[PDB]
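Novice: As you go down the protein sequences, you meet chains G, H, R, C and X in turn.
In terms of the working numbering, the first sequence opens at residue 1 and continues consecutively.
In terms of the working numbering, the second sequence opens at residue 1087 and continues consecutively.
In terms of the working numbering, the third sequence opens at residue 1186 and continues consecutively.
In terms of the working numbering, the fourth sequence opens at residue 1235 and continues consecutively.
In terms of the working numbering, the fifth sequence opens at residue 1333 and continues consecutively.
Right, I'll just put the structure down here and ask away after.
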Amino acid sequence: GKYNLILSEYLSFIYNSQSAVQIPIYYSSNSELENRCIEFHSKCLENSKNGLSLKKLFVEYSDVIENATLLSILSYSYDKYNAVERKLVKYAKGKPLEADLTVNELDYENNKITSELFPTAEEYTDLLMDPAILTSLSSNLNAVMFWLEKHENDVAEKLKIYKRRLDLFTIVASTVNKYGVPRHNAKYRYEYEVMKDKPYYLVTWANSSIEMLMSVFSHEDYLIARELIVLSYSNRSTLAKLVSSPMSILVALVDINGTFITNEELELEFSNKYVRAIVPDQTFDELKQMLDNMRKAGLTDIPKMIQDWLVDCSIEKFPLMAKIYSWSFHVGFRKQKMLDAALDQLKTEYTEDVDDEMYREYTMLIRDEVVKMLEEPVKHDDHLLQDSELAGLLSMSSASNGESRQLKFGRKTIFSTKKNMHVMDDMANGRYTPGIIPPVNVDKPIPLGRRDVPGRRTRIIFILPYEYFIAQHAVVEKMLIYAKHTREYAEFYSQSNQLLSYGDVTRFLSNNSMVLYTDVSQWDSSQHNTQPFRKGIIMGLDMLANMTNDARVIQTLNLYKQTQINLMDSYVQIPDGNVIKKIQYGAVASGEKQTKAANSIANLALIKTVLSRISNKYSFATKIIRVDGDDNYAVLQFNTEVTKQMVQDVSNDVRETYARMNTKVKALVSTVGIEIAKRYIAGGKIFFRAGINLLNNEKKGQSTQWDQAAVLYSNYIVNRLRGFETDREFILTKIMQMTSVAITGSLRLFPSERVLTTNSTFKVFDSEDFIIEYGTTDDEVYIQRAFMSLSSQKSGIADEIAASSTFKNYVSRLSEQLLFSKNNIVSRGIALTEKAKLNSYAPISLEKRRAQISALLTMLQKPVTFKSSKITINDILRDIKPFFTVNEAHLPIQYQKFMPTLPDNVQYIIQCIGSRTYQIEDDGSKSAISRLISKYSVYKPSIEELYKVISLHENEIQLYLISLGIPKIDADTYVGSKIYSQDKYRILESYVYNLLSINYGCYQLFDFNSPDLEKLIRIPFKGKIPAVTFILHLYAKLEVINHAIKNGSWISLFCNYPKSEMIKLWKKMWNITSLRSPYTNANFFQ
Amino acid sequence: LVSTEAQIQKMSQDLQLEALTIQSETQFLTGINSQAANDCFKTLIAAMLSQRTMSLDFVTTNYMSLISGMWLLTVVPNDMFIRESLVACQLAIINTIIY
Amino acid sequence: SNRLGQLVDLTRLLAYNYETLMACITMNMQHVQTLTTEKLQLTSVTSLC
Amino acid sequence: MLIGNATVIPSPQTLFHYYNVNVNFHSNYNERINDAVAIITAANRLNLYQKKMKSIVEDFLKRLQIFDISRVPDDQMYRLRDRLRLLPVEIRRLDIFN
Amino acid sequence: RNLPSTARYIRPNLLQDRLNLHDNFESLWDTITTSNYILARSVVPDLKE
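This is how it looks when you write it as structure tokens:
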């Protein structure tokens, strides 16, 4: 109930005029009181529509101001959207900044004038510095200045931070006022005509610099900001990658005293094991050269910060480094050209001096792995292999974005990238032809996409036809099935929904053991991803072909084989200005259904091939090997204790043993630590990488202004947990400014606190971080029933596409490929089912969601609706509440710290209860209905549909299930078995969890099976109503925990819930109408 | 020399050392490679000519290494090896194979 | 057991070359347990055998 | 309930570490005991009557680098002295003292 | 390694408690037992599988 006050002050601050008026609107769930609210509303609207003072009535109707609930505030004020300058003249008395063109390697990557690089606007492109975000610089500056004004009178350590950031913003604003403000278009892009007389790379630096200075809480932060802001104005290609590089060595210097362990994906079990740090001499010399480059770049304070820590090499002072390690990824992207980003990868040194004894072994291991993967399904003749075509045709929605192609649905034209729609287009003209695999050559080279991530290189993406997916699908899914239980496929091992977060290193770390960890991200254009890899797979297919008797399967295999033939020679469309290059690339990269797991395989085979050479000189027991995409690590234990000389000689031998296969590497050997893209360990303590740029994005998504605020807040929460902490108030200011909407030149709308933090499809953040907030009142239910009434919408584009000819053809081919003679009973069901996966197509979502926003807007303006009894969550909590009883408790300290970078209160929680140990099927994958879905498809279906589907009669369930590609015999058998009744509870668990972000964010990190949490929750057991006792125990846990978070102390509980209300609620259970947005979730592991 | 991959094949398929640990634990073959056979051939010859005592450094889990070491100790005398490593090798063999 | 002739051959060649190179020695080759000691990986022997 | 067909043996290097640690602790313990007993006996034979036999014990406990002398009283220290009075001095220091 | 007869080594003094510190030095025995406990925790093996 505080956000809105800051909103009011922002409104008062930004406009400031007599003519600037401020117009609240309220609502209440009580009829009489609502009519008085309507009255107040009316009179206020009138007064607003008559240039009358509004401030007088506000006292008379004080009751509405105190007890009624706000929605939004409008603002009518005359201005020509400037105001930044009109405030800013005072805050700009520092010195402006001068570029240095001889910093970046290229010439055009310097921050020189646009016209000196793009004289004509017809050849201009802002994409090499496009922020790619629907939020203005003016918004950012306005937010900063209002923040600065309000935090101008606090007197504490907070003020010492304020003076620091104030000095920084002076340094910034002097530089900005030197030239001026770039002006946004409707799309928040910046055209040539504003930047025409200004430096090209001023905007991203500006935005990134704002992002940095808003994340200053300490003295060392101020040092970092002063040392980066002035150097990030020039270096834009070798900076975050640079300073973030020494960390990989630093982790190998901290003696472990106390450890954390894995068994199964979150089984934590601490260990007091001690391990020393046997560092060689030459890695220090490597580090010194890196520091010489660091100083050569213009760095003074950060060598000192790296130098004064080494006197002790203690882990208590070490988080500074970790803090620093996240500041490298909050400086921005190196948004260079597709070409030049490829040429970071497309430099090759291929030699006829490597072994042949090695590649054959490599190929064989790949072959053997393929056979291990594919022995069972190829042999037992699974339906999904026979009907691979239909399988891929269902799983088109889970594919990549194909190249743009011109379609027409009756009487329109569309440029879709969705490959299912491409197939639909090709069906009409007789072009659907999955048996004839297209070539990939001079006559038809491939387009590209770029997978970026700051502080690292750019990876590439194939953009293929629709046959390749179909070919790779079935085989790769069976491979995945094999890979669910194989440990070494780290990206693919699971307990059917999890990826192993905290590694598998710490079991056997010791004074006698070592670990070799290695980045393999440049190994895409390499000489070991060409011919042997593919031919090994082809050989494996030959073996598998001789390991089966069915003919459909052999057809599939021969087509997949020929696909691998075509992928062995593959050319690549790449523009450069106007003309187009096509380059010989007969090798492997990302952008495929096969690439990820296959790269994991290939790296596994490669390292297995490398690993047979240390054995010529050392005896070790391979305890573990791991591969996850762009890195891999193997730990090994010896017959004796380790020395410096053995590590050095092993390292040189490893480097040269990669050199024998013509393979570059920064080889890294250690005893205690690793560093990889997504996480890293030092001294038996897990840290993480906080690298998500906020004001600069990777690529241009499809979301609105609205949802990008929610994703940015989710990323904020994540980065905060990682360690990189930004001031939450700034984020809130941005959220209000991005959900604010301009209806005219002078009308602007501003939503409120109780709309963005309320459980709906529009939730954005929370009033108290790490805690969803609920509604004990009528009013949150009331507006939720309204928004649920409005969430269900239509897309006329989808309606007319489903009424076209291509849709009919598609349905006909589906039918005659599966079954016939129920042309008016199921086929309509199948059309309705295909609709469920047309909605993946983005413009449909835009139509639907913009429609949702318009419908939303026509009741944000005007008063409220009673919404007709539709039960939701807050009704339940409203009814559960009057049977509680609180009591003061006092818990002890019994859990060990292993995530220092958390806030100390979060750690206090962790230092009193446990960390999570399971991961519940948030999508119901282990459910026996889903083990059918995972048998005939990969598709998710969302928990809205499932939660509804189980509630229906036994008739339309049959139609709905048969419509999903499933045959009739197994569906009938499923209905007879009655396992869905054994799955109401799992589905409801997943439903409530998805609604309440229990497996998404801070609550994803917590053990609800704990004994420590349970002894406070003294809810006796009744039985034969599982839903109630489940939800009661859960809600009570949340109550105690929220009380703990906000107040520190603990409490116990008690709920003698009457059986009468149990029965009254049992019928209210399976008619709930609620929903949470996918875009609001914040996965700590991305 | 013989191509390594054949021997890799037959060991790999008949042993199933993939299977013969815990399945959730790490086990596989070890170096059959070239530039070790001749390395050994040089090491052995130069040490026997020089009468340089040489030691063993192994892992007992890889019983194939020991199956080759017993051949080695059979053919090569025992006074060339320091008694401690020799005894270790024989003792693992006995406690593993013979008794 | 099924590397019979191959290991026979290995031993004969090794022994032959050992003795024929022994002949090109001039100082008495005397037997002592030396202080330090060459390492020998049995995996190399398996590669050889 | 979570256990089966999986033996875990401490590696020999861990054993050797633990053994050497215990050895070093025990040896330090005896050496400092012998030291202190020597000085106490010598003090008793030099008639030192103004000498409060605490700082010796403070040194004795400080060289064993695990205790907190800030929160151990004087009475325990004096008992430690009382026991130490009745101990033979080691051979080096004793012969050199005689 | 083989070691010559020129070499040497020092033997520790492993003479048992002359003081009987398990007789009314309970705060020290507490420290000792706690020390040995926490030391011993770093050497208990992890349950690997």
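All C-beta atoms, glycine included, are put in the ideal place defined by N, C-alpha and C.
Listing by chain order, which chain R residues have their CB less than 7 Å from the CB of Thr-1139 (chain H)?
Specialist: By Cβ distance, chain R contributes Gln-1218, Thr-1219, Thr-1222.
Novice: Less than 8 Å between the C-beta atoms of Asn-497 (chain G) and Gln-982 (chain G), yes or no?
Specialist: Not a contact, by the Cβ cut-off of 8 Å.
Novice: Does the Cβ of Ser-1074 (chain G) have 16 or more other Cβ atoms within 10 Å, making it buried, or fewer, making it exposed?
Specialist: Classification for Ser-1074 (chain G): buried.
Novice: By DSSP, does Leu-668 (chain G) sit in helix, in strand, or in coil?
Specialist: In the structure shown, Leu-668 (chain G) sits in a strand (DSSP, three-state: E or B).
Novice: Where does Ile-73 (chain G) fall in DSSP's three states?
Specialist: Three-state DSSP puts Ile-73 (chain G) in a strand.
Novice: Of the choices G:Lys-178, G:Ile-743, G:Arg-828, whose alpha-carbon is the least far from that of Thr-858 (chain G)?
Specialist: The shortest Cα separation from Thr-858 (chain G) among G:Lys-178, G:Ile-743, G:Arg-828 belongs to G:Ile-743.
Novice: Return the chain-ordered list of same chain residues with a C-beta closer than 6 Å to the C-beta of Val-1145 (chain H), the five sequence neighbours on each side being excluded.
Specialist: For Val-1145 (chain H), where only same-chain residues beyond five positions count, there are no Cβ hits under 6 Å.
Novice: For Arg-507 (chain G), decide whether its Cβ has a neighbour in chain H, counting only Cβ atoms nearer than 8 Å.
Specialist: Chain H, which has no Cβ nearer than 8 Å to the Cβ of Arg-507 (chain G), makes this no.
Novice: For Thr-671 (chain G), which option in G:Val-642, G:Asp-972, G:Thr-663 has the closest C-alpha, if you only look at C-alpha atoms?
Specialist: It is G:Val-642.
Novice: Which runs of the alpha helix (DSSP H) spanning at least 4 residues fall entirely within the segment 316–357 of chain G, listed in chain order?
Specialist: Those alpha helix (DSSP H) runs which fall completely within the segment 316–357 of chain G and span 4+ residues are 319–327, 338–343.
Novice: Please compile the residues from chain H whose C-beta is within a distance smaller than 9 Å of the C-beta of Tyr-1203 (chain R).
Specialist: What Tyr-1203 (chain R) touches in chain H: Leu-1130, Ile-1131, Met-1134, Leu-1135.
Novice: Give me the chain R residues within the contact set of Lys-617 (chain G), using Cβ-Cβ distance strictly less than 8 Å, ordered along the chain.
Specialist: By Cβ distance, chain R contributes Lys-1224, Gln-1226.
Novice: What are the residues of the segment 352–368 of chain G that lie near chain H, defined by any Cβ-Cβ distance shorter than 7 Å?
Specialist: Within the segment 352–368 of chain G, the qualifying residues are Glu-357, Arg-360, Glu-361, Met-364, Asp-368.
Novice: Under the assumption that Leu-137 (chain G) contacts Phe-169 (chain G) (Cβ atoms under 8 Å), give the Cβ distance between them as a whole number of angstroms.
Specialist: Actually they are not in contact, since the Cβ atoms of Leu-137 (chain G) and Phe-169 (chain G) sit about 14 Å apart, beyond 8 Å.
Novice: State whether the segment 627–640 of chain G contacts the segment 672–679 of chain G, with contact taken as three or more CB pairs (one from each stretch) at a distance under 8 Å.
Specialist: Flag = yes, the segment 627–640 of chain G and the segment 672–679 of chain G touch.
Novice: Scan the segment 46–124 of chain G and note each continuous beta strand (DSSP E) run of 3 residues or more that stays entirely inside, going in chain order.
Specialist: Fully enclosed beta strand (DSSP E) runs of 3 or longer: 69–76.
Novice: Within the continuous alpha helix (DSSP H) that includes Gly-536 (chain G), where are the two ends?
Specialist: It spans 531–545 - the alpha helix (DSSP H) in which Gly-536 (chain G) sits, taken as one unbroken run.
Novice: Given this structure, state the Cα-to-Cα distance separating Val-515 (chain G) from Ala-621 (chain G), to the nearest angstrom.
Specialist: Roughly 12 Å separates the two Cα atoms.
Novice: Just the C-alpha distance for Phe-730 (chain G) and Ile-1041 (chain G), rounded to the nearest angstrom, thanks.
Specialist: Spanning the two alpha carbons is a distance of roughly 27 Å.
Novice: Jot down the residue ranges of each uninterrupted beta strand (DSSP E) in the segment 793–844 of chain G, minimum 3 residues, whole runs only, in chain order.
Specialist: Counting only runs of 3 or more, we get nothing.
Novice: Under 8 Å between the Cβ atoms of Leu-1298 (chain C) and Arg-1266 (chain C)?
Specialist: Cβ atoms of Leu-1298 (chain C) and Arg-1266 (chain C): closer than 8 Å.
Novice: Against chain G, with Cβ distances strictly below 8 Å, would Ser-1171 (chain H) count as a contact?
Specialist: For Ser-1171 (chain H), the answer is no, since every Cβ of chain G falls outside 8 Å of its Cβ.
Novice: Measure from the C-beta of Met-1156 (chain H) to each C-beta in chain R and report whether the shortest distance is under 8 Å.
Specialist: It does not: the Cβ of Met-1156 (chain H) has no partner Cβ on chain R nearer than 8 Å.
Novice: With distances taken between CB atoms, is the gap from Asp-778 (chain G) to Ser-29 (chain G) smaller than 8 Å?
Specialist: It is a contact, given that the beta carbons lie within the stated cut-off.
Novice: State yes or no: is the beta carbon of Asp-1125 (chain H) nearer than 8 Å to at least one beta carbon in chain G?
Specialist: Yes - at least one Cβ of chain G is within 8 Å of the one on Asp-1125 (chain H).
Novice: Quick one: which unbroken alpha helix (DSSP H) runs of 4-plus residues sit fully inside the segment 449–508 of chain G? Chain order, please.
Specialist: Listed in chain order, they are 467–483.
Novice: Is there at least one Cβ from chain G nearer than 8 Å to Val-1145 (chain H)'s Cβ?
Specialist: By this cut-off, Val-1145 (chain H) is an interface position.
Novice: Using a cut-off of 8 Å between C-beta atoms, extract the partners of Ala-1240 (chain C) located in chain X.
Specialist: In chain order: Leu-1379, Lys-1380, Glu-1381.
Novice: Starting from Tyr-517 (chain G) and walking both ways along the beta strand (DSSP E), at which residues does that stretch end?
Specialist: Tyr-517 (chain G) -> beta strand (DSSP E) spans 513–519.
Novice: Can the beta-carbon of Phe-284 (chain G) be found less than 8 Å from the beta-carbon of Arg-689 (chain G)?
Specialist: Contact flag unset, no.
Novice: Using a beta-carbon distance cut-off of less than 7 Å, what residues from the segment 1259–1272 of chain C approach chain X?
Specialist: From the segment 1259–1272 of chain C, only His-1260, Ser-1261, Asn-1264, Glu-1265, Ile-1267 have a Cβ closer than 7 Å to chain X.
Novice: Between G:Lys-561, G:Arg-828, G:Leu-996, G:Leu-832, which lies nearest to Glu-773 (chain G) when the distance is taken from Cα to Cα?
Specialist: The option with the nearest alpha carbon to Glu-773 (chain G) is G:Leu-996.
Novice: Tell me which same chain residues have a C-beta within less than 6 Å of the C-beta of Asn-401 (chain G), skipping the five on either side of it?
Specialist: So the qualifying residues of the chain are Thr-417.
Novice: Residues of chain G with CB under 7 Å from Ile-1094 (chain H), in chain order?
Specialist: Simply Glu-361, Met-364.
Novice: At least one CB of chain R closer than 8 Å to the CB of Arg-1333 (chain X): is that the case?
Specialist: True, the Cβ-Cβ gap to chain R drops below 8 Å.
Novice: If you draw a straight line from the C-alpha of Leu-223 (chain G) to the C-alpha of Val-1291 (chain C), how long is it?
Specialist: Each residue's Cα considered, the two are about 49 Å apart.
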